[PDB]
Amino acid sequence: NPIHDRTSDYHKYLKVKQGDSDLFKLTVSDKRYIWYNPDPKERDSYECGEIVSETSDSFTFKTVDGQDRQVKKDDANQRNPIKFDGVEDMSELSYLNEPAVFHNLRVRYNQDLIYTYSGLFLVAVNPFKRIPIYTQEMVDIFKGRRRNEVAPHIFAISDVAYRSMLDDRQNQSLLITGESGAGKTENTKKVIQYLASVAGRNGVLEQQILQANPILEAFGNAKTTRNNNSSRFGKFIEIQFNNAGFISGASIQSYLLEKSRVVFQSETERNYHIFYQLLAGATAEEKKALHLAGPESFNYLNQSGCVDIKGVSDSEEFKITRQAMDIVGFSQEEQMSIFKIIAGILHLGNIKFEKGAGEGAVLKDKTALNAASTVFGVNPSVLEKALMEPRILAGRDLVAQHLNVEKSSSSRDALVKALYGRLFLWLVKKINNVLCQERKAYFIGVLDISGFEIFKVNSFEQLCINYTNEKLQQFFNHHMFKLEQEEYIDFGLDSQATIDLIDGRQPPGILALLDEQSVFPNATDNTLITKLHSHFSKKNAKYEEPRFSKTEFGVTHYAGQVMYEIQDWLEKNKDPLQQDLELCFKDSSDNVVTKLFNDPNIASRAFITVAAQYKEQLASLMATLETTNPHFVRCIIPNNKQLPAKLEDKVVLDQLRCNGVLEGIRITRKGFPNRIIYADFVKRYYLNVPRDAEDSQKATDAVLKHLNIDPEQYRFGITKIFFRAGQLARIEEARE
Ligand SMILES: [Mg+2]
């Protein structure tokens, strides 16, 4: 029994190694400490100082450099006793200060223990190296075990959720959030892995469920500067079960796919995996039928300078992808078509618009153009017209307009983006019919999306994501405001103002004003931003109009202020595509293409704007969550460099500050963070009472009784005692 076998990998890899002695005595030392900053500029930095003097209301401790210093007892970051270094739940700590929190996580991570609980959260820190804790053998261990009965692990949370589902007959959720490269997607896959094993029917459906992923990963993931396999879309996966607890189906909901990546990537980044998969792995035959060449031959793939990922065979991955397409069930038919779309996109990208005779766009070469048409199975002359000579309504008048180079290009870009996003939608719908169950009994849904985004530049997509995050954070706080209550002040009240600033109807918030502006064809970024400032500058406490910038505005989010830039918002909100282009493509010969333009469910939004659609999909998701028993996983990146063995304090604390763990902590820290079992308190603290005593509670008053700790510091409740913050350490800080 791996859990009892101190030699198993379970022990090696998931527990703090245990010695031969369990005695309270080894742990002794008289030397107290505090966490201080040897330089206050940079506050996430701390060193341990041995407190050598105590004023009546402050301490005076000894720097690592030997110099003594003074401190207020109330500003003191007390270091928990060493016995606590490495505990499995931060809730077990006496001193719940941030450095204290950072220290426990670091001590663990130093042992390659990447998972740790903090109350209701599972904290997961990317090790940036492979740890073999996801084997079937590791799966097996988690089966039916309580949270408290096994080491922290994604497997654990998953079991607890599945058991809760069976036991309470209630749907569940796991919300997996954090920065890019934190391991959200990785962990998401382990949840499904685990579920598939503990509950699959020893299989077709399960294989399909599993193969859908790689499918969506090829089309929605890409190499970026923070992650070789970045998810450029958010997702909510519903794992469906029958009443007996068996997997009966699945559904995927996708959000905010980064369509622009198809047309542009920053230096070092790559376009979506698939482009490269197609090009590297296509038979030397399709290459031709598709008019393929190499990546360098394509504007959409030859700009970033990076066309490869180390440790990655685009060719092999392509094998993998088509393989998944087969399992799920896409006909070879379907598959050439997908491939063609892809090919087409690439061609559309190579079309060069020139300066003809005056001011209007022309096409000297038609090569790329016909390559494009060919593959899509559209009429090249139509396309051509549709691209440079779109007919535009101007009254009762329908007039062709000759676009200049630029405009033509952008329009071109719009087509590619529509093609891409639509195809993605279609992929998702298709997968769903195969997987999805009408008649499901229960479900476990997993949300894999980013946490708050504060980048160098924040645009419309950032506001969207941050908006979702305000809602999830308030959902958390609201949840915690119940869980905490039912031991045996609702802070979510707190996010309302920001939320309203974004989504409010009357008075209107940012999105409503954006929608309003969107009706006017001649509106501009300036008109827009000016409208925003008119309604909210010095008028809404969560808004800030900048001192000098004329194109940005600030929103005070849960995680702090985020400055956004307004450019292109109107256009992003409308996500326009010339009608002629729709017409052209409404006629494709190709069977798939036609669905993309012919199916209102794919080809359109309602027509609502992009904002209105985001808001509504967010509200549905939240409604879904609202009916589940939720579980929270906070994935942390250890540094910004993708390196193992480098847990950067500032990097870490920041995330803890923004993803709500620190708030969670400091909340309960105002109450009774510790609430130990009676028997449990007695066994290590007996040292009137001996270890395994049966009048537990009594044995528990007893110890507090000898030591005669202050009563308001502790509280007698059935089964457990609670200890206000710091009580434990001092209790722990006392002679035998
Ligand atoms: Mg991901």
Side-chain angles (χ1 to χ4, degrees), residues 115 122 124 130-144 152-166 171-178 182-201 203-221 229 231 233-242 245-255 320-321 323-325 327-329 427-428 431-432 434-436 440-449 621 624-625 628-633 635:
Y115 296 112
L122 176 57
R130 292 309 174 182
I131 304 175
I133 53 161
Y134 304 113
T135 58
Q136 177 91 32
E137 291 76 11
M138 285 282 176
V139 166
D140 294 356
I141 294 159
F142 292 89
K143 317 166 191 160
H153 198 290
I154 193 59
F155 280 172
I157 278 221
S158 326
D159 198 75
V160 154
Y162 181 65
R163 290 331 150 186
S164 279
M165 178 186 64
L166 301 173
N171 291 332
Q172 321 271 310
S173 66
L174 281 85
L175 284 74
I176 312 179
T177 65
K184 288 185 297 294
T185 292
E186 276 322 299
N187 280 282
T188 292
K189 286 170 182 162
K190 297 307 69 166
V191 172
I192 295 172
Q193 177 191 340
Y194 189 83
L195 288 171
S197 155
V198 315
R201 288 202 58 129
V204 192
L205 197 241
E206 292 87 322
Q207 262 313 285
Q208 301 177 297
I209 283 176
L210 306 166
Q211 293 302 297
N213 160 275
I215 297 197
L216 294 186
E217 285 198 13
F219 287 75
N221 289 35
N229 178 58
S231 310
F233 63 104
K235 89 196 157 261
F236 185 64
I237 296 188
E238 204 173 272
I239 300 305
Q240 304 171 355
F241 306 78
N242 60 24
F246 297 131
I247 287 200
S248 51
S251 221
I252 326 259
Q253 174 89 169
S254 71
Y255 304 105
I320 307 242
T321 303
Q323 214 217 160
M325 296 198 247
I327 292 158
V328 176
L427 290 163
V428 180
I431 290 171
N432 278 336
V434 185
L435 310 185
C436 189
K440 87 263 222 218
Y442 296 96
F443 77 82
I444 297 186
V446 188
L447 184 55
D448 171 2
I449 60 164
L621 160 73
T624 295
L625 301 169
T628 71
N629 170 36
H631 305 275
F632 308 86
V633 183
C635 299

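Only this structure's heavy atoms are used, side chains among them; waters, hydrogens and symmetry mates stay out. Residue numbers start at 1 and run along the sequence shown.
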Side chain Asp159, main chain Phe155, donor-acceptor under 3.5 Å | no
Close side-chain approach of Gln208 and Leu205, heavy atoms under 4.5 Å | yes
Non-hydrogen side-chain atoms of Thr628 and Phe443 separated by less than 4.5 Å | yes
Side-chain contact, heavy-atom cut-off 4.5 Å: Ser158 with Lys190?
-> no
Would you say the side-chain atoms of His153 pair up with the backbone N or O of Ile133, donor to acceptor, closer than 3.5 Å?
-> yes
Looking at side-chain heavy atoms only, is the closest gap between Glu217 and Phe233 below 4.5 Å?
-> no
Backbone of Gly245 reached by a side-chain donor or acceptor of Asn242 within 3.5 Å = yes
Could you tell me whether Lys184 and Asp448 have a side-chain N and a carboxylate O separated by less than 4.0 Å?
-> no
Sidechain-backbone polar pair: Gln240 side chain, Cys436 backbone, donor-acceptor under 3.5 Å | no
Between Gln253 and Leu621, is there a donor-acceptor pair closer than 3.5 Å when you use the side chain of the first and the backbone of the second?
-> no
Check: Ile444 main-chain N/O paired with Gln172 side-chain donor or acceptor under 3.5 Å | no
Tell me whether the centres of the aromatic rings in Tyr162 and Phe241 are closer together than 6.0 Å.
-> yes
Separation between CD of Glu206 and CZ of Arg201, rounded to the nearest 0.5 Å | 10.0 Å
